[PDB]
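Which chain is which? They are A, B, C, D, E, F, G, H, I, J and K, in the order written, and residues in each are numbered from 1.
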Amino acid sequence: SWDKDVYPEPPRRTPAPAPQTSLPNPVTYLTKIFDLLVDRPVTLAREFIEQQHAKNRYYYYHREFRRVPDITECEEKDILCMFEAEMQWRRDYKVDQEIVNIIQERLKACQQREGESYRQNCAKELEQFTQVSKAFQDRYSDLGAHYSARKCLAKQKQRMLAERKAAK
Amino acid sequence: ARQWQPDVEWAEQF
Amino acid sequence: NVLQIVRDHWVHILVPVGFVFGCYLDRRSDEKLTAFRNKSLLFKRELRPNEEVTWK
Amino acid sequence: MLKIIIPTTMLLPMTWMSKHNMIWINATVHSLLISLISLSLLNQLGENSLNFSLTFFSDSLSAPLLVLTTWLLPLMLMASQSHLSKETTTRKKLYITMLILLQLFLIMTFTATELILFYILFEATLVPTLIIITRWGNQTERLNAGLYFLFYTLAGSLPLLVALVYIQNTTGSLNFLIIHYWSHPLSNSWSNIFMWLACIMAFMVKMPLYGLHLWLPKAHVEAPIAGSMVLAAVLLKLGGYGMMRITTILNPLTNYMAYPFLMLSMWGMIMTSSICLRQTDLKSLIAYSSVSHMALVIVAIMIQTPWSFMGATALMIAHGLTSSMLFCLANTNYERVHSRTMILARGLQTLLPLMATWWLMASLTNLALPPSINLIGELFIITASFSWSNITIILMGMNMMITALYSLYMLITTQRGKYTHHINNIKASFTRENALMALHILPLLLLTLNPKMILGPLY
Amino acid sequence: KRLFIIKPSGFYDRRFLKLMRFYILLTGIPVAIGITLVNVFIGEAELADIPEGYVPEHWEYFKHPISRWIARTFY
Amino acid sequence: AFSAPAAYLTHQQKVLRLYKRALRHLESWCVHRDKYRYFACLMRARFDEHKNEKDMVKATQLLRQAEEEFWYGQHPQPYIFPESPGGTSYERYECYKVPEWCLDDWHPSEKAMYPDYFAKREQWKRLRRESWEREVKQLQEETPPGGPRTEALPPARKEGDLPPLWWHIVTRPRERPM
Amino acid sequence: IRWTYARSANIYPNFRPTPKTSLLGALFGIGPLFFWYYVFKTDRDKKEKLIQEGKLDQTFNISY
Amino acid sequence: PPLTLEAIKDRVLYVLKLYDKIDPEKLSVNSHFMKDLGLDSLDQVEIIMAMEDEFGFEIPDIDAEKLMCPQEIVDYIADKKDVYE
Amino acid sequence: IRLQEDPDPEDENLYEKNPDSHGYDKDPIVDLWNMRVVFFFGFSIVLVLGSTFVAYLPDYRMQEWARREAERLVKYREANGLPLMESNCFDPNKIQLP
Amino acid sequence: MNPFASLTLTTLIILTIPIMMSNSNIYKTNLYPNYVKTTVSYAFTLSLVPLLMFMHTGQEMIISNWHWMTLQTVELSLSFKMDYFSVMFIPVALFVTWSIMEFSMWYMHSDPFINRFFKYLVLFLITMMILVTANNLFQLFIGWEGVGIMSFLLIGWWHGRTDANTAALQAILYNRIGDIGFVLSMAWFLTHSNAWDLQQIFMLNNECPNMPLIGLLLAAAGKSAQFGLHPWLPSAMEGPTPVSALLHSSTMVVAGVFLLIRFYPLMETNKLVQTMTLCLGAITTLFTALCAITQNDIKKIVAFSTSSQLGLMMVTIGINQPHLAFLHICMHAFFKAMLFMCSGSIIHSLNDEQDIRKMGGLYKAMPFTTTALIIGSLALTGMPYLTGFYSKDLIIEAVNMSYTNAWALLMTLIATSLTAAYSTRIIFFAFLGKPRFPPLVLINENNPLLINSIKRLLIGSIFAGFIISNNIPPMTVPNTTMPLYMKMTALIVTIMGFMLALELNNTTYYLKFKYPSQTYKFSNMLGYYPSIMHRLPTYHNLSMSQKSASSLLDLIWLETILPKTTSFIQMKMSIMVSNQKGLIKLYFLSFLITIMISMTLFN
Amino acid sequence: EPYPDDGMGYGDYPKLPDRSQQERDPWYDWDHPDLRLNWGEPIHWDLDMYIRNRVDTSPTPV
């Protein structure tokens, strides 16, 4: 049920069977035996369980957090606003970690899927992960074990001052 | 074996 | 022989009663800290009909 | 947190008013139920701590330690039953009361939200531990060990009290939440340097640091089985918990000031693991291994990186379980042969087969066979140190090799070879001892399946 | 020409193993059966967008049924 | 079963031990039986050549030189009997050996499985318990005033008396216990 | 018992600060610590210098 | 391989009979090599080596020198191999 | 030097009086009930029920929530051409540089 | 494709069922070993299916079934890499384990804890399967350490033997010294590539640096008993012969070569690491073959041959020919396992006699074992169109036809000659000649288990190389054209070694005695590496521990510095303060002094 | 012979010959067979180092 856009997979191109020999193919008969002995019972069991699940269907919801004022707009020593903003920053930290995870999963799946042509046919995913890794490292790397919204803000300010100096 | 308890020599030091 | 059983095995009621009492006192302390029950900027909602507190 | 605290307090009246026959049974049952209650604390919101009240809060760091302490109490009672059988009812009740007071103090220390209250409870643990060691120890050196333990810890702690009062005066609050949220950076001045030293040194003493670890071997060797179990599993971990908590205040100076303690811990781990190779007493060997693992934990804390902190938490829990189990396994042999000399009892695998398997599992965990939580913590610490310096791998790998060597040397000497001929008092292992070893081992192996529970807040 | 084999008493270790297995299974087998029944019949919840004007209860944000029950009962 | 050692090894015993060591190492070097027999007869002739030397100093010097030759000519990997010290099977069955005192700790149900054996064991226990006092008395009587000057133990002087300190030798675990 | 006592308890009572004991203690106790300080400090300082000069590769080093 | 006492005696007498210096006819279980037969010490060493090669177990030198008789060799082998019949 | 009682022999094996000692006490009934209490309330209850409680503990760590939010953000940003992860954690405008 | 994953996972999971049933009554019953053997045989039969699917369509897969834990941006999950290496090695290892267990049933029948022996063997197989079928460095480490621990347990099967315990500790020590490199590689990959999965590691590390490859090389040297860490494998023969044949002969030792093969894409980039691997392989081959030449224990000879073959595989890796290295692993499994089983049969027949000098004239006494050993030795020495010919002949030809360190190539050729030499040694001393074993003759090879177990491996040795080589897809460009002498170099060297070994062995018959040469002492004493290396470092480390860390610092100097000195100062001050004089005249003067000093100092 | 009085803590303990337990005669019936040691015998200061498993000082062929 996973979204294809979030988890892209290249279209599957499977060569058609083109036997050139009289000898029976063992894999075909073994696979038919597997289908009959295993796949059919498994499919029937899953059919029964899915019927049971459909009999009592209940839903769970994905929580939505409204955006709250950031640390930049929080006054000094304003522990309420600082607490709200820091919790928001931590949630965003987790979300960015998950984003990096998704891109890395794309990377590994591409490495496996392409095969011996991984170096060339996986370039786009590698570029995506390179961009994401650079962004993530700049935003969150080196903050330390006691990472806080204030420290990330200070790092961003340091980076911006360095950029202004580069502007000269 | 039993837990060591002060002897006379140990007591005499005090 | 109940009188005998309870008279010499009543000590087994102390700690569970302690758990019950601890739950009660913790709920009281939650009562004390209700200032921003629904005054946050994240979970602040309009009380749904037939509701007086969001228990927060 | 009162859901746990109040029942623990009620444990004392139950123990005192229980019948002479039923003291151990009631204590064990209700302590186990309390431990079951503590498992609720493991459910931790990722972003924020569980702030139960102004006084008490729990996070992904305190929760595992609280669970460990609550679990440890029943195992301690089970282990201590045997050697206290001759003792009078009042003394047995006093021993149980000391254990219960220790659990209460440790729980309040772990859940306390104010550094001054944490200090009061963390120092308060000395009294029950000191009483246990110096009243129910079996050797003449129990008194000297108690003096060393008490004075090392107090000499470390008192400057911490002065520093905490000074912080209260300057920042205005010692509540951990406020300290974390405000947390102004420190400056590199001699006064701030000495404040950093005052904050760190007490926990550095509690977590046996090379040069400040002398108390640990004496105390663990000379203490009764329960006291050794608490000291290894929990009392050492108080230093790690405090150091992880206290490090927020000392942000910048930690880089400059870490090098002495970092070098001391890194070299001391090798030194103590080597010491274990040539030790002639089983308890002393276990204690020195504890010292080495806590040195790894100290390195993790000083580096101040998220992976290092996760490894530190995992290692703390895993080591507490493994060291307690090792002490209990040694105590069984001590009770049977009434000596702690490793050479005296040999070939015990033939005589006591299942205890041999318990020893094997404990030693494998000690040498960090994956996917043990011990290995998870050690590996995370090792990777964090590798980021800190690639050269760190040499010492850490050497320590891993030495740890494997000494663990399997203990296993080979005690449980392998020909049985000591003259010793005739070896008797079939009791269900109690095997149950204690299983209660130690099974939670440790199970915790591997879900390791996020012991990976700490930074997870 | 059978010869007696001198070995340590195995009754106690075997007894402990039997008791440990019995006490583990006493609640495991019921627990395993309960888990299988719950998953087979009650099933896991389906993710659905919050209907407009509805404020879900805290337990309604977790997929698994037993997790929902734990969240409702104890948290 | 090992006999008590003596304070020193006599010159004859040292020569005999050298002879045995040389023959065994030669057999190690001479894998095939025929070559071994030929060179072994050679070695026997070598010993016979100075078998009858009258001067003890000369014989001692000869023994010393022969030992030096042996050390130079020792096989780097001499053959070791499989169960001998250094052998592949030395102490292999040690773990299977279990002391007799362990049976006393058996649960009564376990002892029930082998009733006749435990009846015989009780008989042997009675024999030891009765014999201990007389054995101690005999050891005291035979022992010289200074003390035992050798590890050798006296045999039973009179009928109805077991050899002193006999229990562990008699009841030693079987070589292949299984 | 004598072996265990001599190897644990009797050591300090029969120890006297001597030239050999003092020098060996100094060397084998504090010597290694300063060697490891030199090594780690030099390595760390070099790493920090490279980072400052932007001449170190951390392209995918996003997990410290 | 029960290795009964009679088998041990038979094999020891086998080895000794195949020994040229010993004349087979006068060889007996109680024929001391030193006294009844004419074997010297080195012959004692050789015979002990032959026995240990025949049974595949090494007789320690201290015990080896004291045998001085075939029956002694048989009983010592029985003791080492735990032969009770 | 003192009148003291002889050192007690090694504590009598609980097996001798009761072969099925189970340890835990001299009295067999208390031994059995102590073993039963330990086994039940630790193995059956704490380990099995506690392990199940930990295994199905509701995900308040927000791992699934984080994954869902990340999926939404990735889809939206890729659709709109915006970079997958912005380099600035906080919007530059709000910051007032010195 | 759908059946592939299910069958591949079921093959591994089926093995665990006997371990789970160890708790049940079957463990007590005699049926447990047969049940374990039957489980292994069924697992092999199932494993054949995925292998056939791969042969048909190259249906490689990666299965991440369970998500263990997500650590910030790093996800650790249980992932199985069902690629060519795993899909082929699983059947070979399962077949070898099947034969070895059938043989063990006969060999270990007398052993009281036979059920424990079989259970430990199944555990080792499970750990090795984890090692082979791993897509994460952490899961591979689980397999690595599990194999090490199982080797420790099985090698010291007889706990009574002090030698066995020493061998187990030695194996653990050397393998841990290797594992230092494994930990280094894991740390480097996590820190730089931010992943422990092989796929991301390959993707990011286009040009792999040196440090992680050197750490992997150290781990491979530790597991495969390369020079400097080689002693543990020969000492491992202290364990029961089935344990040696299964783990320390054909399956466990190959782990390091398998570790390097798994990282072959990274290995190609770095030239220095390839050269180091080649040199280490050459050193191992030459040294181990030379040591084996003069060894008088059959198990020792076979173990040194295994070490030399591992060195040859490492050389193949150094030549940048990994798939040939994997093929050599596969074929060595068969023939070396068969050889060790034959040695076990000889040992059992001759009442636990392992010295070749005491074994002779067994060619007719044991016809089937003699046939199995002859076939195995021919395959090991590269006899054409046997299992060895398909792997070793290609390895030699590729080594010649490539840019190579000259001494490495010379050493490899000499090593092949020495392999022929020691095969001749075993055959000549044991099977040929006149019987030198003790009089009572108990030779009886007529056991169905022994005969069938050796039969399966004999058929595999004879025919497997052809089948595997033909079926596997071509993975290297062949060295089509080469000088005739280059092509025949392997046969020429092997035959020369055969001739020289046979000539020297015949000279032993001659009634001439010469005192040992220095070279013979060097070879027989294993190069003196054991004598000096196992004594000088151990003595210094333990003595340093006791003399310095335990006493000079812990018990003397630290105590003197912090505690003792402070206590002494306090005691002296207490003696000063409590002068115990109590004279009014004395301390009232102090009052006067205090008053004057106060007036001056404090105004 | 006592250890030299250099303040290293050996004190009265005898300075026995530095021989590994392997060197001791295997055939003798030692009180403790595995350790090749006798009851009441002075125990070498470094016995744990010199046990049969651990360092061996036995004479070598070369």
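One rule holds in what follows: contacts are C-beta pairs under 8 Å (C-beta built on N, C-alpha and C of every residue); 3 or more make two chains touch, one makes a residue touch a chain.
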Shared touching partners of subunit B and subunit I are D
Contact-richer chain pair [A-G vs A-I] = A-I
Relative to subunit C, which chain has the most distant C-alpha mean position?
-> H
Per the centroid of Cα atoms for each chain, what is the distance between subunit C and subunit G, given in Å?
-> 54
Dist(centroid_CA(subunit C), centroid_CA(subunit J)) in Å evaluates to 61
Could you give the separation in Å between the centres of subunit C and subunit D, each centre being the mean of its C-alpha atoms?
-> 33
Considering subunit I alone, which of its residues make contact with at least two other chains?
-> 8, 10, 15, 20, 35, 39, 43, 45, 47, 49, 53, 57-58, 60, 62-63
Which subunit G residues touch at least two other chains?
-> 3, 7-8, 11-12, 15, 17, 21, 60-64
Hunt down the residues of subunit C that sit against at least two other chains at once, touch-wise.
-> none
Spell out the part of subunit D that touches subunit F in their complex, as residue ranges.
-> 347, 349-351, 416-419, 421, 424, 426-428
Interface with subunit D, subunit A side, in the complex: residues 77, 79, 82-83, 86-87, 90-91, 94, 144-148, 150
Sort out for me which residues of subunit I touch subunit B in the complex.
-> 1-2, 7-8, 10
Which residues of subunit J touch subunit F in the complex?
-> 110, 112, 158-163, 295-297, 351-355, 357-358, 429, 433-434, 436, 508-511, 513, 515-516, 520-521, 524-525
Provide the residue numbers of subunit D that touch subunit A in the complex, in ascending order.
-> 46-48, 178, 180-183, 244, 247-248, 251, 304-306, 308-309, 458
